[PDB]
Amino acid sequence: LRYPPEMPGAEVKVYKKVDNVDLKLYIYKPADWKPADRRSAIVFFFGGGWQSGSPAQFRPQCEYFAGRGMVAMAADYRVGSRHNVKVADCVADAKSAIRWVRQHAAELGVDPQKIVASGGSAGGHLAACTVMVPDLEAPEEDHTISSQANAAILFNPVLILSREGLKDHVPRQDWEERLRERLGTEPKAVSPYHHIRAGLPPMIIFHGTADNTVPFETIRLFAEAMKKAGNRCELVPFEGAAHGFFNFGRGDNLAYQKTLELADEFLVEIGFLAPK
């Protein structure tokens, strides 16, 4: 991956201006798209530890879901190696992207109730924040336009960022390098696990059982508590797989293809996509 990304064929829209930075969305429209359509939309947030990464990461998945009739887009957002930001600022940007899509739904040919948030690792954390973590919104935006996505598709997300009240040991990962200094809030306020509650949008999660960066057990524990609150939260283990297994180009694109087929199935299940 490179940054800045190259996104051939995508329509570029600035979704947020903050600190003289123009944050872009890269939009892939389906065949036969028209503004009066009411399609489902999916917004991908790249991974990179809230420090690096590129919107090109989910370019293959954008093209797949646009081919299936969705308005698919990859959002840029601020990251620590490029901008003086902390995790909470990344959350603000992710929420700004969902709110912008909803706000512009009529010009995008999108149903404002069928907006899917998706991402990998830190970007999966951001997607989860847009469905369940309160607040952390851009202070000057219209908060009467909801920034909450209507579903989520998460690729080995980070979902626990605090260890308080939390169950048993959680090992020391070098990416928690006292990143508490680069969270920008008290850790619970950016930790999806600590905002589990009834009435949340449905999601599906793909995670490798041999993930040594984000322990699978944190995700299993998250999914169990979400189910207990009545939420549809499907965790699909990829047996023996490592962090990042799902990316285009990893393996023989087998996990890549499988996650797309399962994500597709999930979107047909919840009514956001017609069968093939």
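The first residue of the sequence shown is number 1, and the count goes up from there.
Missing-residue comparison: residue 179 falls in the unmodelled set for a third or more of the other PDB entries checked. Among other compared entries that model residues flanking residue 168, a third or more give it no coordinates. Stretch comparison (54-62 versus 26-34) by mean CA B-factor in the PDB entry places 26-34 on top. Annotation for 241-249 versus 227-235: the higher mean temperature factor (C-alpha) is found in 241-249. Comparing C-alpha B-factors across 93, 140, 135, 111 in the deposited entry, the largest value falls on 140. Per the PDB record, residue ranking by Cα B-factor puts residue 104 in the middle third of the chain. Among the modelled residues of the chain, residue 42 sits in the lowest third by CA temperature factor in this PDB entry. When all modelled residues of the chain are sorted by CA temperature factor, residue 159 is found within the middle third.
For residue 173, the recorded CA temperature factor ranks within the highest third of the chain's modelled residues. In the deposited entry, the Cα temperature factor of residue 191 sits in the middle third of values across the chain's modelled residues.
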